[PDB]
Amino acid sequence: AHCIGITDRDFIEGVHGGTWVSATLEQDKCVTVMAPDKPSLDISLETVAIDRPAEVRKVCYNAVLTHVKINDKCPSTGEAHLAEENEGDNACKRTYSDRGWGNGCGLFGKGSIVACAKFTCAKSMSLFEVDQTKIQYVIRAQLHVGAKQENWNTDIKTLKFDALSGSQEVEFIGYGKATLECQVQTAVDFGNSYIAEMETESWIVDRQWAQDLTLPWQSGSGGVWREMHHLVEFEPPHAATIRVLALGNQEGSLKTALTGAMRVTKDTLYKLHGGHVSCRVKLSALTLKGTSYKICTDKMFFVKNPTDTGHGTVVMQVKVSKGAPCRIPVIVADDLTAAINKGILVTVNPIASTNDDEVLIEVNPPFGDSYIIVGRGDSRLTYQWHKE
């Protein structure tokens, strides 16, 4: 809603005896529900969202190294010990260098040696929990009245459905109301999942995949980086010296590992670019408005000519300059002499309540050549339409 201007669009015809009409809603997609002698309803999934999710983990992908210290003990001088060893924020390794007269010591053998470095995470990625029950589903509902596009964001009602809310009503002024009974689907799209974010970007990731990452990880309480060795390289000892290096920035590798995953985007609250809702829509309480208005008899004009919507329908915008509250007669006939309407009106029972009102009409013309006729008398507007 409004489903014109949304490329992916489906139509569902309600039936005369029918009360409910079921429809599955996906994002970047919308549905127009129609019923005979009833206003058409535009329904669409606006956003899926999770507000205030809790941090489960952090994962470091860029780490700098500082303060490299080393302890070197000659053969038979015993095991080496660094003071900066049994600390927490340091990466340490135990090994044995080959030492002899060539480098200090008096014996030829294995001289114990220890190396430590200060570990600080330059850049990391946050892992939040995905509680499927906390997920809210926002749905746009808006009737097909003669509303200009510039007023579409002034007529749209929005409904939020938890993992389980009840039925919810949407009433429109003068048209009655609809009842939505939407069940959310958070299984194959909300199953094992973390919300993972780097800097500005976020994604939905497999929990097992996130936990199986070969990178240092935190708990958001204690700033103790676990499994640091994933980003620290210890070259074999020369004699006394041991070179300790930082591995590269893992931003790229992670981002390639993340291709395909559903995107997530914040705003002041996490927007989910996916998911779907299966819905049941009650239409019986919906009513047509202005069925007792007079007929707009004064000359009318096309503010916007009949143009192809791409959905197999055509839209035009008509100004009414003198008719008081009145209804606009719109048909699609195969001949200018026949008033036999062959077109299906999506904008059911057009209307003009104020003068200089620009009402939007949408019709579904028949296959073949035809004429769009709006109004009566010489005043009436006619437009040739050819549907292949």
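One rule holds for the numbers: they count along the sequence shown, beginning at 1.
Missing residues, deposited sequence, between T268 and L269 (class: none, 1 to 3, 4 to 9, 10 or more)
The entry has 4 to 9 unmodelled residues between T268 and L269.
Residue stretch of maximal mean CA temperature factor, 180-188 vs 97-105 = Stretch with the higher mean C-alpha B-factor: 97-105.
* Asked: Do the C-alpha atoms of 293-301 or of 258-266 have the higher average B factor in the entry?
  -> Averaged over C-alpha atoms, the B-factors run higher in 293-301.
- Task: Could you tell me which one of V224, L247, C121, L213 shows the highest CA temperature factor in the PDB record?
- Result: The record points to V224.
* Asked: Out of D308, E251, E85, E197, which one has a C-alpha B factor higher than all the others in the entry?
  -> In the PDB entry, the greatest C-alpha B-factor among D308, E251, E85, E197 is found at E85.
Checklist entry - If you rank the chain by CA B-factor, which third does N355 end up in: lowest, middle or highest? => result Within its chain, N355 is a middle-third residue by C-alpha B-factor, going by the deposited values.
ask   = Looking at the C-alpha B-factor of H144, is it in the lowest, middle or highest third of its chain?
value = Lowest third.
Which third, lowest, middle or highest, does the CA B-factor of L231 fall in along this chain? CA B-factor rank for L231: middle third.
| field | Ranked against its chain, the third holding the CA B-factor of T19 | value | Middle third by C-alpha B-factor.
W203's Cα B-factor: lowest, middle or highest third of the chain? For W203, whose C-alpha B-factor we compare with every modelled residue in the chain, the answer is the lowest third.
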